[PDB]
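Here we start with a single chain on its own, the form deposited in one PDB entry, put down as structure tokens.
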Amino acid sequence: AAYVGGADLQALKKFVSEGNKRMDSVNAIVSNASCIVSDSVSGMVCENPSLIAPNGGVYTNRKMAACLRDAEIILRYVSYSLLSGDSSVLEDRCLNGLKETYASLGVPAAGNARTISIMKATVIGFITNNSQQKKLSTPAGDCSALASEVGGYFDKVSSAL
């Protein structure tokens, strides 16, 4: 594990834009990961229930478990892109060749696309969240640049897949 605190953290927040808000946006994603993942995958399914019909993309416990895992993997590489301000790791370690893996496994591209579009809207919603301050975990304010940025990272995923 790497630990970035104290002066290293202060420095990190000078080398990336929007440093404090950026840490907050990452915290909101990782602290809500299980719902982000389940809402995205189950929204793909509820809109296209044939995905859980016999022979559908996620119709068994095992298949669904793998899909939930992959959705989490993608979310986590997006979270690291937002932490670091760069999509290099996401592109090289998670998206490079993933479309071909999914072709070989018969994972449906339209299903993936919808999981991603729900996930993108959800994560952006955690960043653009306009709840009244007493119902908000961070100081209220403008996180538009981070919302745009993370939308770009999801768009890289969608393009690759």
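The first residue of the sequence shown is number 1, and the count goes up from there. Each form is matched to the other, and the largest set of C-alpha atoms that superpose within 1.5 Å is called the rigid core.
Here the subject shifts to the form deposited in another entry, a form of this protein not shown in this document.
With the two forms fitted on their core, the C-alpha shifts between the shown form and the other one stay under 2 Å for all of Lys135, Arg62, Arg93, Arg69 except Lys135. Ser17 is among the residues whose C-alpha shifts by 2 Å or more between the shown form and the other one once the rigid core is aligned.
In the other form, the CA atoms of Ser79 and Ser17 move apart by 3 angstroms or more relative to this form.
Expansion of the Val16-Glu72 CA spacing by 3 Å or more is recorded in the other form, set against this form.
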